[PDB]
Amino acid sequence: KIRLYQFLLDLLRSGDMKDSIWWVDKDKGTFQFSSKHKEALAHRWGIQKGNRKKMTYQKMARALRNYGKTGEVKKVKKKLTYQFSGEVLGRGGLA
DNA sequence: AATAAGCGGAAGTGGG
DNA sequence: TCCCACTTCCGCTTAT
Ligand code: NA
């Protein structure tokens with residue numbers, strides 16, 4: 001099963017949910033979710049995973065928080081805004 | 001208050 | 001056994 005950070009990077013590449021998530025500074029890997037449309041994106045994550053319950057943005061963000069220590073995704077000091085690591089960005093484009 | 005978001009411990013579930 | 005990679009639940013805090 002795909003990892004959450006990869007699901008998000010792939011969405012940003014495809015633009016399929018551009019009203020729910022977007023790059024802020026793609027060269028730096030900063031991205032942001034829509035206040036009003038993030039739940040639809042969270043629902044898609046849960047369905048992709050086949051989880052028992054309906055996924056919510058809150059649960060998805062709780063998972064994102066666990067990447068802060070290992071570094072794949074860090075929370076930036078703006079609402080609903082995060083930053084991928086250089087490792088995630090480089091390996092992603094190469095893959 | 002109403003609404004929204006942030007913080008994050010802890011217990012539960014997957015798939016090795 | 002026991003970690004992976006989250007998921008789910010819960011109580012608390014901050015927004016300015
Ligand atoms: Na605010």
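Note on naming: letters A, B, ... go to the chains in the order of the sequence lines (proteins, then strands), and numbering restarts at 1 for each one. Quick note: numbers below take in every heavy atom, side chains included, and nothing from hydrogens, waters or symmetry partners.
- Between A/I2 atom CD1 and B/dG15 atom P there is a gap of 16 Å when expressed in whole angstrom units.
- Residues from residues 65-78 of chain A lying near DNA chain C, meaning a heavy-atom separation below 4.0 Å, are A/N66, A/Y67 in numerical order.
- The shortest distance between the side-chain N/O atoms of A/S35 and the OP1/OP2 oxygens of B/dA5 is below 4.0 Å.
- The 12-atom threshold is exceeded at NZ of A/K75, counting heavy atoms of other residues, nucleotides or ligands nearer than 6.0 Å.
- At the phosphate of C/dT7, OP1 or OP2 sits under 4.0 Å from a side-chain N or O atom of A/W45.
- Judged as a side chain to side chain contact (heavy atoms under 4.5 Å, CB included), and not counting sequence neighbours, the contacts of A/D25 are A/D27, A/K28, A/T30.
- The nearest pair of heavy atoms linking A/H37 to A/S20 is O-OG, 2.7 Å.
- Taking A/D19 as the reference, nothing meets the side chain to side chain contact (heavy atoms under 4.5 Å, CB included) condition, with sequence neighbours excluded.
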Solution key, residues 54-65 of chain A side-chain donor-acceptor pairs under 3.5 Å, sequence neighbours excluded:
| residue | atom | partner | partner atom | Å |
| --- | --- | --- | --- | --- |
| A/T56 | OG1 | A/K59 | N | 3.2 |
| A/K59 | NZ | A/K54 | O | 2.8 |
| A/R62 | NH1 | A/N66 | OD1 | 3.0 |

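- For A/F84 and A/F31, the gap between ring centers is short of 6.0 Å.
- For A/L9 against A/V88, the heavy-atom pair with the smallest separation is CD2-O, 3.8 Å.
- The closest side-chain heavy-atom distance from A/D10 to A/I2 is below 4.5 Å.
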A correct dot-bracket answer for DNA chain C, with pairs being Watson-Crick or G-U at under 3.5 Å, [ ] for crossing pairs and | for inter-strand pairs, is .||.|||||||||||.

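- Nearest heavy-atom pair, A/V73 versus A/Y5, reported as atom, atom and distance to 0.1 Å: CG2-CB, 3.8 Å.
- Rounded to an integer number of Å, the gap from CG of A/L4 to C1' of C/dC6 is 9 Å.
- The distance between atom CZ of A/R3 and atom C1' of B/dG14, rounded to the nearest whole Å, is 14 Å.
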Letter per nucleotide, 5' to 3', of nucleotides 8-16 of chain C [B base touched, S only sugar-phosphate touched, - untouched; heavy atoms, 4.0 Å]:
BS------S

Apply side chain to side chain contact (heavy atoms under 4.5 Å, CB included) to the pair A/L8 and A/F33, showing each step before the final yes or no.
CA-CA 10 Å; A/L8 296 174; A/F33 294 98; 4.0 Å; yes

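- Rounding to the nearest 0.5 angstrom, the gap separating the CG atom in A/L11 from the CZ atom in A/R13 is 11.0 Å.
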